[PDB]
Number of protein chains: 2
Amino acid sequence: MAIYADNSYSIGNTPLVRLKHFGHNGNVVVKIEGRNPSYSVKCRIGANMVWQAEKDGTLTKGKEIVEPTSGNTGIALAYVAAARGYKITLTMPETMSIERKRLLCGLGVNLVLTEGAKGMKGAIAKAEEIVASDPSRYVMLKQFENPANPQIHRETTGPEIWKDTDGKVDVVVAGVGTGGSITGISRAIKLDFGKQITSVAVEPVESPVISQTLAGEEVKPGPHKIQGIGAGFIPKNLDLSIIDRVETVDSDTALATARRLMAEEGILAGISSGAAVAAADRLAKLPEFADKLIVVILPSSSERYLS
Amino acid sequence: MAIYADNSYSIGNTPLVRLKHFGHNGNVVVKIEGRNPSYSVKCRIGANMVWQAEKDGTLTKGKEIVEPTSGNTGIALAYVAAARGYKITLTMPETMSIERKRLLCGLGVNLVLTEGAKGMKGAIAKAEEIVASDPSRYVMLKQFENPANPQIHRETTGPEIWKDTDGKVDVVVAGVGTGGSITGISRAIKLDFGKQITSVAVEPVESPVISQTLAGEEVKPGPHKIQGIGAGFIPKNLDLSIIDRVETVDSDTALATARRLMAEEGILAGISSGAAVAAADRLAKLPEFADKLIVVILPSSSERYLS
């Protein structure tokens, strides 16, 4: 049959490509979630959070979705909302890019601009204000804590890795934003397939809150350029129990790495993709991981060389 | 196994999505070549033209690729060249967008800027000049006439349509730039699978050179905004013998249609996608095509709502 009823259903079955200038004897393979509706991993959780809300009764015909993300999740939710016919409001700082404004508005989003000076705090507060005004009408899917986030990764992303590696995957390397990808993928491979792999979270050296937490050191978030990761706290959808190792990468190296993916491998991937690869490459060049297959999530694609 | 040796190999197996606000009782299904390396159909011919040149001996290690396209084919060739380790020169008018300049340079292209005032004529002439200077060194793959163009479409795109429609496809609708997609797809379904479908070329009303030619009318190309199609002549890779029908669409409607794909279906597709859909919708709403499955190629994706 092989026909999809709407674009939300077309998520996943992402590539898997072997790198020739990273790792050791091609030990590093990279996913390419860029190959998705909306061109990011977030298409997966955008789909499943909506689907789950439907099954659960929390989202019905007539209720409206409100979230404050103006990142890849917004575009995911925007596409899904268009595909499934829901009104969405997204709240943004007024100082967000016209490109993203135009894109979200083009997708049929009711865009609500908040005070530049209040930043993301402003947008989040206003989203909660809107919901408070009529809860029976508005639904916020809360990506940092919604279980349907890691669940989609356990049911799709993880099995796809297992399947396309003939169960040979030894290591999974994934930057943490909401923590959903690493969490769901790890549960799939470790619990459902029963292979005791090494799960590796990646985070900015500028904001190493996972490493600080685990080291029992003071948590000290910080500014960084690795868009998509390093939220500055531990999300509820990051399952600390399934993480084996945490690697930090700096913004500069992440940027250089993303450039090399493009110029040396011909893969057009976002800064966070560069962060994850830089981390994977470092472990791939330890003798202990010489005979091991390392799979790296490239969360997004870049429509613009960060140059 | 399911691991790719480089990004050139990962082409194709594109979606297939059913539209809810076009056609009649979901008779229109849309491909989504946007789901490709470089985010366009051109990834297919970028891959195969290089591969074929390798097999044929025309492209070896050390020879360099030169083409004048600064459109989707360039990005395809740029990605393939990066993935396979070839030098590429692309010639462009000096007045091309910084975004595309930055993107191509980011992919490792040797970018050669030609006189704004000479336009595409300038860039094409300069590419030929470069080849003339050392033929033993430079290879121009010539997308309008290179057989490896429609060949890839016959071996992949076409079979994918056949396969994902359980052989139920009745009509194929495709805008013509080089003519490769319509040609290769039609040969596959008509000659290899033996189903006598209706093959429909689409072209701008502003530059209806296929329709003028077939009507024995004077060929009169013209300016238009439907980026990717209506080259203003009959390419050698457009096989007139496999075309059943030619539909014209205007730039305005193409633009409106691409907007509706985004807002009503949640599919982010280029202006040419809008052109092809507008044409498909019109035929889909004839009683004669009421019980027929119409498959439309969406050649590209748009990173920017044309708004």
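Residues numbered from 1 in each chain as written, not as in the entry; some residues may be left out. Chains lettered and ligands numbered in written order. Heavy atoms only, no water. Residues with missing side-chain atoms left out of burial classes, pairs and counts.

Determination of this PDB entry was carried out by X-ray crystallography to a resolution of 2.799 Å, according to the record.

Going by the PDB entry, chain A carries the name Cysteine synthase and comes from Haemophilus influenzae Rd KW20. In its Catalytic activity section, the UniProt record describing chain A reads: "O-acetyl-L-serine + hydrogen sulfide = L-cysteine + acetate". UniProt lists a comment for chain A under the heading Sequence similarities, and it reads "Belongs to the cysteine synthase/cystathionine beta-synthase family." (UniProt positions renumbered as here; feature names shortened; annotations may be inferred.)

Listed as interface residues are 43 residues of chain A and, on the opposing side, 43 residues of chain B. Where the side of chain A that touches chain B is concerned, the elements lending two or more residues are β1 (17–18), α2 (72–84), α3 (98–106) and α8 (251–265) of chain A. The dominant element in the side of chain A that touches chain B, judged by the number of residues it contributes, is α8(A), at five residues. A per-class count over the side of chain A that touches chain B returns 21 nonpolar, 10 polar and 12 charged. (Contact = heavy atoms within 4.5 Å. Helix = DSSP H or I, 4+ residues; strand = E, 2+ residues; numbered from the N terminus. Nonpolar A, V, L, I, M, F, W, Y, C, P; charged D, E, K, R; others polar.)

One copy of the chain maps onto the second through a rotation around an axis plus a translation along that axis. Each copy superposes on the other: chain A lies on chain B with an RMSD of 0.0 Å after a rotation of 180 degrees and an axial shift of 0.0 Å. A rotation of that kind, with that shift, is consistent with a two-fold axis. Minimal C-alpha distance to the rotation axis in chain A is attained by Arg35(A), lying at 2.9 Å. Of the residues that chain A buries at the interface, 100% are likewise interface residues in chain B, meaning the two copies contact each other through the same surface. (Least-squares fit on C-alpha atoms.)

All names here are of chain A. Applying the stated criterion across every chain yields a total of seven aromatic pairs over all chains. Seen in terms of ring centroids, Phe144 and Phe233 are 5.2 Å apart; in terms of plane orientation they differ by 55 degrees. Their pairing is tilted. Placement of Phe144 in the loop between β6 (138–139) and α5 (148–164) and of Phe233 in the loop between α7 (209–215) and β9 (245–249) is noted, with a sequence separation of 89 residues between them. (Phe/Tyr/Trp six-rings, centres within 6.5 Å; stacked < 30°, edge-to-face > 60°.)

Next up on the list: the sheet that holds strand β2 (residues 28–30) of chain B. Residues and elements named next belong to chain B. Strands sit in the order β1-β2-β10-β7-β8-β9 across an open sheet of six strands; the sheet is mixed. Since the sheet does not close on itself, it has two edges, and those belong to β1 (17–18) and β9 (245–249), each with one partner. In this structure, strand β7 (residues 169–175) lies alongside strand β10 (residues 293–296), joined through four bridges in parallel fashion. Residue pairing across strands places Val171 opposite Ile294, the latter belonging to β10. Lying on the sheet, helix α9 (residues 271–284) is in contact with β2, β7, β8 (198–204), β9 and β10; it crosses β9 at an angle near 120 degrees. (Pairing = 2+ DSSP bridges. Axes fitted to C-alpha atoms, helices over the stretch in contact; angles between N-to-C directions.)

Residues and elements named next belong to chain A. Per the UniProt record, "binding site: pyridoxal 5'-phosphate" is annotated on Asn72, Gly177, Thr178, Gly179, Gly180, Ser181 and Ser272. Its location among the elements puts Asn72 in helix α2. With residues near it in sequence (within four places) discarded, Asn72 still touches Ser40, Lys42, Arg100 and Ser300. Checked against the element boundaries, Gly179 lands in the loop between β7 (169–175) and α6 (180–192). Among all residues touching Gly179, those that are not within four sequence positions of it are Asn237 and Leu238.

Right, let's get into the domain arrangement of chain A. All names here are of chain A. The domains assigned to chain A are domain 1 (7–35 + 146–296) and domain 2 (64–136). Computed from C-alpha atoms alone, the centre-to-centre distance between domain 1 and domain 2 is 27 Å. Taken together, the two surfaces of domain 1 and domain 2 that pack against each other cover about 320 Å², and 50% of this comes from carbon and sulfur. Looking at the side of domain 1 facing domain 2, the largest losses of area belong to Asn7, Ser8 and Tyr9, adding up to 88% of the total buried there. Our count for the domain 1 to domain 2 interface comes out at zero salt bridges. Grouping the amino acids of the side of domain 1 that touches domain 2 by side-chain chemistry returns two nonpolar, two polar and no charged. (Domains from an automatic or database assignment. Buried area = accessible area lost by both parts, 1.4 Å probe. Salt bridge = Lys/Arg side-chain N within 4 Å of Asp/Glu carboxyl O.)

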